[PDB]
Amino acid sequence: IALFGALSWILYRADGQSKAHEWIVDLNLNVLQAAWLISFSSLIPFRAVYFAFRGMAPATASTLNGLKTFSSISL
Amino acid sequence: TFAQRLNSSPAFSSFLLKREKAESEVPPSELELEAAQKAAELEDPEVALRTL
Amino acid sequence: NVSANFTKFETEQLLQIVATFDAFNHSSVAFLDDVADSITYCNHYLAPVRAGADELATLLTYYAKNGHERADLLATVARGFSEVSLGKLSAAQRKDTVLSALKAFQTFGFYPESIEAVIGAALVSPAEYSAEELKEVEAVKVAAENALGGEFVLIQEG
Amino acid sequence: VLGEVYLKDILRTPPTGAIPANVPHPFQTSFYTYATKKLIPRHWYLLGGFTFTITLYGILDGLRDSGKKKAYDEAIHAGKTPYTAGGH
Amino acid sequence: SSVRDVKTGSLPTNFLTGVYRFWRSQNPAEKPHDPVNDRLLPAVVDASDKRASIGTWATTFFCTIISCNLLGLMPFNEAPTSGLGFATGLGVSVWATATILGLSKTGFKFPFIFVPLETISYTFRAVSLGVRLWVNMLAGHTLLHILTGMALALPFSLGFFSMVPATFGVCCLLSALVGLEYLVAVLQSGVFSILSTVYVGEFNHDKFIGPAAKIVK
Amino acid sequence: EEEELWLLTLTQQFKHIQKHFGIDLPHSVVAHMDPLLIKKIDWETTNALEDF
Amino acid sequence: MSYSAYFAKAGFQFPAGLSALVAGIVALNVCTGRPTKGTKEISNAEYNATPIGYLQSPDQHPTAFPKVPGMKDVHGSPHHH
Amino acid sequence: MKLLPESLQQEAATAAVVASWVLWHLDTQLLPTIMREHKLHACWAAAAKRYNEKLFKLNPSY
Amino acid sequence: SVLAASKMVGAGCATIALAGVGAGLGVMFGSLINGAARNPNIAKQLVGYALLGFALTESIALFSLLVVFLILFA
Amino acid sequence: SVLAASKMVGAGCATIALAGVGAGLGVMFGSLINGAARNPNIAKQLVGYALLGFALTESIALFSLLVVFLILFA
Amino acid sequence: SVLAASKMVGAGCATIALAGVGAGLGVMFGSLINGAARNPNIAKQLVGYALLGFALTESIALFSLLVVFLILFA
Amino acid sequence: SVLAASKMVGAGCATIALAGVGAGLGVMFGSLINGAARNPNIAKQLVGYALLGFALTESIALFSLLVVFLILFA
Amino acid sequence: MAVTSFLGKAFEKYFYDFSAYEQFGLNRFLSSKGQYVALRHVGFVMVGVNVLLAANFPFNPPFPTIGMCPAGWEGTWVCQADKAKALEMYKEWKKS
Ligand SMILES: [Zn+2]
């Protein structure tokens, strides 16, 4: 449903962009935006971005500091 | 190790992180590597009973 | 049912249940321990803060009438008594709640740091209190002064 | 000994049989609990702001429609076309 | 009636945790005079009850505005924010939220010629908060459309594969413009939510019902 | 072994949580293992104390 | 081991209340009260009287990839005052 | 190019619907999950010392 | 078409304010460089102020451009 | 006619007064960055003055914009 | 006729906004030089700030160009 | 023709924008001299930044000259 | 047998393994990889605008020409500035 709705939205928006008055600059704006979506796949350091987002949350920034072994031992 | 567990996580199976390894961002310490080796050695419970 | 799955019950539900069980004289030892365990350990420690001091005073008089002493539950439901929760009440209801809470705290011999917000609620406005009720409040006030380790003053606006 | 009945709903081990269902929050369960517990007591200022902006923009649409209908009325009373036809 | 399962430590959970903690940190709670303990805990809880949820509101506005602003940069797509009614409705909504909070603090009472001048100076926040973000989104799309036409004209009147350096230069300029539009999308979402936090934090202040009676030692 | 079940279940539950937490632990396994902690956490989100 | 296969089991899933969002946006775009942009509410006798091409205005049917800016697909109502 | 839309109230109501859905989804679906992870980690990190001292005092194994 | 002629003249005279807002914005960003050079330990704080400052400064440009739109396409 | 033409011309001339307002906002926020780099421990307090200064500068922009609509829509 | 003439006049008058953004960029890059002289150990970082400032200042510059191309061609 | 006459006036008004470019350029080069005087050891490096800043400011001048072209010969 | 599995694996092999910065040996002509990414970005834009313009042409452009034609249509029906005149000239050009 998501892929077919995205394709139907892309086709409907490209159709309406074709019907529009400045149609060729619409279809070239699509190229100018797809170029940046291409270049973001090449530029962004996704491992460093992943670990930066891991540092954004305190639940993933540190290890769990909780129960220690010497307290809950049972001899 | 924590880096090996991150490599086996779903997040490093996703498309933008297929070829990445978590050791390259933060490598495990010498204590963490020797403790992973020690825990793999103690995963046999009979070996843990004999060692203790 | 309450004693079977006491961990599932929330504090507001237990306060309504204990109010009904206090209207009648119905109590077991196991039911009292399970309600106190559920309010103390199984529930959030700020759940008496969202309660309203009349419900907590009903629970305190319930445990005082049945003689069940649980100092952890007393330290939990003493948190709900403050200037805020007693200020939410009307004047007659605040007088009744202060008398019930002070009588229960004197019965248990337990004087927390938050008893003074009860005692102050009787001493900021002592016009509604009779002479024997003021003697009761002053008895609990002297007892709390001896337990907490100092003398009881009122704080003004500044 | 300390049996398993003391640990019944307090403390559990990691699952060996199957992974259970996720326990819902009370807000995920019902919209009534979200609406009466958090949406109205906490976010009624934001809802009043949205109500004010929709009311105000309805007022502005009313003013625009009144001005447009006035221009249309004097245009058809003057005998001229209110709208330019254009070229197709 | 069954909810979905969530992995702990997912990237959207971590991103939204950082974003929420940011917009919550914009309006910090005041330290009381007394030390915080069980005597002071209902005062702290009631102080949190009287404080408006500007962290949730600012996270809401940040997420919706950065989503629409980044929708403007996907292909075959314009931003909803570049519409006048959308962005200025969000702006008037934040201004009315701050005003409704401040009015409810003063007992629902509306507020020596300094008072109409300060009234106009405060009322212009409703215009400025929406017109800034809406104008920035509208200007960026309009600038790209005008710039794209000039770039299209260069290879339309100089051959498709006959003028390489000037077409390369003007497409470098257009590509740098779209990168600037990415930066402006992120920046204007952050700016809208920061000004939202300061406008509502003007009225977030309330009375701390502390202890009226105490044991002194 | 009078109380070894309670100590050992605390050790095992925290070892599983700490082993899997930021990496791949589902929320359902957490709410299974510690249901009362999830209940006390849900009380804060319910009563608008999620930033307490 | 790990819970990776457990999360790979569940497919793509929408945000939890997205149907309410799409329902609200669609109900705002179709329940307007005013007629559709370009069209005019005419009488039923006039609607049954005119043919299809005369009822369609040329401004509402622009050419898909127009060679000249302003080309319209249909030419409506040559019979006019 | 027109500045004003066909209805300002329709666009304002669209903005209100989108932002109110983001508010409900944030408060209902996102913030419970976020606070489950965050408050688990934060409760353990805040109670590690008191918890281990209390459990050390309860433990008769030493 | 003297009205449309004055519309073009009025919009071209209307965008003079972008000069003053650009001079001010360059002053503010040069001071951001200066303040980062004085005290870089709080530099990531200062950039935030700079963005906020740029924010409000940018608004004076947009109230210019809005008038241009109110001259051109109203 | 010529009157509405002059309304467009005078509105474009009247919104030139936002140039110095943008320049002054830039100078003020640049000074805010410099003063926060100079004394960060009072930095939040300085931001208050900045907002206060902002609230007394953009009013001048209001006195331009109130004229502009008075040239346009009156 | 008159409209194309006023389009030339207005597109010329809209260009003078580029003067103030040139002055602002010059002030910002001169402050980059001063801050690089005062603290070279963070100098590369300051260049990044300059480029960031450049980007935002260029937006105002491009805004002026927008009106030129909204008058000259549109 | 009045079109070519207005092209002359519009090209003059577009040429006015070179003033602030020259002013910011002079400010940047004066700050180059001042930063080399405060710190000569890195001075050639500062000249690099100066040329960098110069080039970016020339972009604005380029844009202004572009507009003169689009008034004069288009 | 499945289509989306092969599509995912093929796009992975094209995204990660296939690199025309080393396959064509572009490290001699270009300095670094980021320079290649910038030039491939601008080359993508150039090829896209030329494919669009080249795709459907000859047409009267809605974008403002700077007084320059395609060198084969001085005043036919492509360089016309008035749009209705260009439309009727397109009609008498389409009848041919
Ligand atoms: Zn567009």
# chains A, B, ... in the order shown; residues from 1 in each chain; ligands from 1

call {"tool": "residues_around", "arguments": {"residues": "region 38-53 of chain H", "least_positions_apart": "4", "cutoff": "6 Å", "atoms": "only C-alpha atoms", "output": "count of residues only"}}
result
5

call {"tool": "calpha_fit_and_write", "arguments": {"fixed": "chain I", "moving": "chain J", "output": "compact mmCIF listing (two decimals) with C-alpha atoms, in the first residue's frame"}}
result
# COMPACT_ATOMS: atom_id res chain seq x y z
CA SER J 1 -0.49 50.27 -17.75
CA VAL J 2 0.89 52.96 -15.46
CA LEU J 3 -0.34 51.02 -12.41
CA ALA J 4 1.61 47.86 -13.28
CA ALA J 5 4.55 50.10 -14.18
CA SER J 6 4.43 51.58 -10.69
CA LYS J 7 4.18 48.05 -9.33
CA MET J 8 7.54 47.28 -10.94
CA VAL J 9 9.06 50.56 -9.70
CA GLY J 10 7.71 50.18 -6.17
CA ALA J 11 8.83 46.56 -5.95
CA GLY J 12 12.34 47.60 -6.95
CA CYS J 13 12.24 50.37 -4.38
CA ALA J 14 10.86 48.06 -1.69
CA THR J 15 13.59 45.45 -2.03
CA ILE J 16 16.25 48.08 -1.22
CA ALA J 17 15.48 47.32 2.43
CA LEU J 18 17.50 44.08 2.22
CA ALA J 19 20.74 46.11 2.12
CA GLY J 20 20.83 46.81 5.83
CA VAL J 21 19.65 43.27 6.59
CA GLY J 22 22.62 41.87 4.68
CA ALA J 23 24.93 44.33 6.43
CA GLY J 24 23.52 43.39 9.83
CA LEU J 25 23.89 39.67 9.12
CA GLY J 26 27.48 40.36 8.13
CA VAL J 27 28.15 42.31 11.34
CA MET J 28 26.50 39.60 13.45
CA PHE J 29 28.34 36.68 11.88
CA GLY J 30 31.60 38.60 11.99
CA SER J 31 31.03 39.12 15.70
CA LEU J 32 30.33 35.38 15.95
CA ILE J 33 33.76 34.67 14.46
CA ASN J 34 35.37 37.21 16.81
CA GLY J 35 33.60 35.82 19.87
CA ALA J 36 34.45 32.25 18.95
CA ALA J 37 38.08 33.27 18.57
CA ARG J 38 37.80 35.00 21.96
CA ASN J 39 36.17 32.10 23.83
CA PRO J 40 36.02 28.87 21.79
CA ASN J 41 35.03 26.64 24.72
CA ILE J 42 31.50 28.06 24.60
CA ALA J 43 31.63 28.44 20.81
CA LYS J 44 28.73 26.11 19.98
CA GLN J 45 26.54 28.08 22.40
CA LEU J 46 27.47 31.28 20.56
CA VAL J 47 26.37 29.67 17.28
CA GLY J 48 22.96 29.19 18.87
CA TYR J 49 22.74 32.92 19.58
CA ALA J 50 23.83 33.54 15.99
CA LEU J 51 21.00 31.38 14.69
CA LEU J 52 18.66 33.09 17.15
CA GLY J 53 19.94 36.46 15.98
CA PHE J 54 19.54 35.32 12.39
CA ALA J 55 15.97 34.26 13.10
CA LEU J 56 15.17 37.71 14.39
CA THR J 57 16.88 39.66 11.62
CA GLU J 58 15.64 37.95 8.43
CA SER J 59 12.08 38.49 9.68
CA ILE J 60 12.71 42.14 8.80
CA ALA J 61 13.60 40.87 5.32
CA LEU J 62 10.25 39.05 5.40
CA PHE J 63 8.59 42.37 6.20
CA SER J 64 10.30 43.70 3.10
CA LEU J 65 9.46 40.70 0.93
CA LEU J 66 5.84 40.57 2.11
CA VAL J 67 5.61 44.17 0.94
CA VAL J 68 7.33 43.37 -2.38
CA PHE J 69 4.80 40.75 -3.45
CA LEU J 70 2.10 43.07 -2.09
CA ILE J 71 3.49 45.61 -4.53
CA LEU J 72 3.85 42.98 -7.24
CA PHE J 73 1.01 40.47 -6.94
CA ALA J 74 -1.69 42.46 -5.13

call {"tool": "residues_near_ligand", "arguments": {"ligand": "ligand 1", "cutoff": "9 Å", "atoms": "only C-alpha atoms and all ligand atoms", "output": "list in words"}}
result
residues 17, 22, 25, 26, 27, 29 and 30 of chain A; 72, 76, 77, 78, 141, 142, 144 and 145 of chain E

call {"tool": "residues_around", "arguments": {"residues": "region 187-189 of chain E", "least_positions_apart": "3", "cutoff": "9 Å", "atoms": "only C-alpha atoms", "output": "CSV table (one decimal) with N, CA, C and O atoms, in the first residue's frame"}}
result
chain,number,residue,atom,x,y,z
E,61,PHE,N,5.7,21.0,17.1
E,61,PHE,CA,5.8,22.0,16.1
E,61,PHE,C,7.1,21.8,15.3
E,61,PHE,O,7.1,22.0,14.1
E,62,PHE,N,8.2,21.4,16.0
E,62,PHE,CA,9.5,21.1,15.3
E,62,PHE,C,9.3,20.0,14.3
E,62,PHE,O,9.8,20.0,13.2
E,63,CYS,N,8.6,18.9,14.8
E,63,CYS,CA,8.5,17.7,13.9
E,63,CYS,C,7.6,18.0,12.7
E,63,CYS,O,8.0,17.6,11.6
E,64,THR,N,6.5,18.7,12.9
E,64,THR,CA,5.6,18.9,11.8
E,64,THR,C,6.2,19.9,10.8
E,64,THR,O,6.1,19.8,9.6
E,65,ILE,N,6.9,20.9,11.3
E,65,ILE,CA,7.5,21.9,10.4
E,65,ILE,C,8.7,21.5,9.7
E,65,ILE,O,8.8,21.7,8.5
E,66,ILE,N,9.5,20.7,10.4
E,66,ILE,CA,10.7,20.1,9.6
E,66,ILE,C,10.2,19.0,8.7
E,66,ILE,O,10.8,18.9,7.6
E,67,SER,N,9.1,18.4,8.9
E,67,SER,CA,8.6,17.4,8.0
E,67,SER,C,8.0,18.1,6.7
E,67,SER,O,8.3,17.6,5.6
E,69,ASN,N,8.8,21.2,5.7
E,69,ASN,CA,9.9,21.9,5.1
E,69,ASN,C,10.8,20.9,4.3
E,69,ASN,O,11.4,21.3,3.3
E,132,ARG,N,7.5,34.7,8.9
E,132,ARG,CA,8.9,34.4,8.8
E,132,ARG,C,9.1,33.1,8.1
E,132,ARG,O,9.8,33.0,7.0
E,133,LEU,N,8.6,32.0,8.7
E,133,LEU,CA,8.7,30.6,8.1
E,133,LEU,C,8.0,30.5,6.8
E,133,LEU,O,8.6,29.9,5.9
E,136,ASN,N,10.1,32.5,4.1
E,136,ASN,CA,11.3,31.8,3.8
E,136,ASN,C,11.1,30.7,2.8
E,136,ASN,O,11.8,30.5,1.9
E,137,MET,N,10.0,29.9,3.1
E,137,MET,CA,9.7,28.7,2.3
E,137,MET,C,9.2,29.2,0.9
E,137,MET,O,9.7,28.6,-0.1
E,182,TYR,N,17.9,23.3,1.8
E,182,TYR,CA,18.0,22.3,2.8
E,182,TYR,C,18.3,22.9,4.2
E,182,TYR,O,17.7,22.6,5.2
E,183,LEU,N,19.4,23.7,4.2
E,183,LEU,CA,19.8,24.4,5.4
E,183,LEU,C,18.7,25.3,6.0
E,183,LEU,O,18.5,25.4,7.2
E,184,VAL,N,18.0,26.0,5.1
E,184,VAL,CA,17.0,27.0,5.5
E,184,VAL,C,15.8,26.2,6.0
E,184,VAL,O,15.1,26.6,7.0
E,192,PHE,N,11.4,28.5,14.5
E,192,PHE,CA,10.0,28.5,14.9
E,192,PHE,C,9.8,27.9,16.3
E,192,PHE,O,9.1,28.4,17.1
E,193,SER,N,10.5,26.7,16.5
E,193,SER,CA,10.2,26.1,17.8
E,193,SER,C,11.0,26.8,19.0
E,193,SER,O,10.5,26.9,20.1
E,194,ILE,N,12.1,27.5,18.7
E,194,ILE,CA,12.8,28.2,19.7
E,194,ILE,C,12.0,29.5,20.1
E,194,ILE,O,11.8,29.8,21.3
I,51,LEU,N,22.3,31.9,15.4
I,51,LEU,CA,21.2,31.5,14.6
I,51,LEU,C,19.9,32.2,15.1
I,51,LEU,O,19.2,32.7,14.2
I,55,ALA,N,17.8,34.7,12.9
I,55,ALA,CA,16.3,34.5,12.9
I,55,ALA,C,15.6,35.8,12.9
I,55,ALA,O,15.0,36.2,11.8

call {"tool": "atom_distance", "arguments": {"atom1": "CA of residue 20 (chain D)", "atom2": "CA of residue 13 (chain F)"}}
result
15.7 Å

call {"tool": "atom_distance", "arguments": {"atom1": "CA of residue 20 (chain G)", "atom2": "CA of residue 73 (chain E)"}}
result
25.3 Å

call {"tool": "closest_residue", "arguments": {"among": "F:49, F:43, F:4, F:27", "to": "chain A", "atoms": "only C-alpha atoms"}}
result
F:4

call {"tool": "residues_around", "arguments": {"residues": "residue 35 (chain H)", "least_positions_apart": "4", "cutoff": "9 Å", "atoms": "only C-alpha atoms", "output": "VMD selection string"}}
result
(chain E and resid 17) or (chain F and resid 41 to 42 44 to 45 50 to 51) or (chain H and resid 30 to 31 39 to 40)
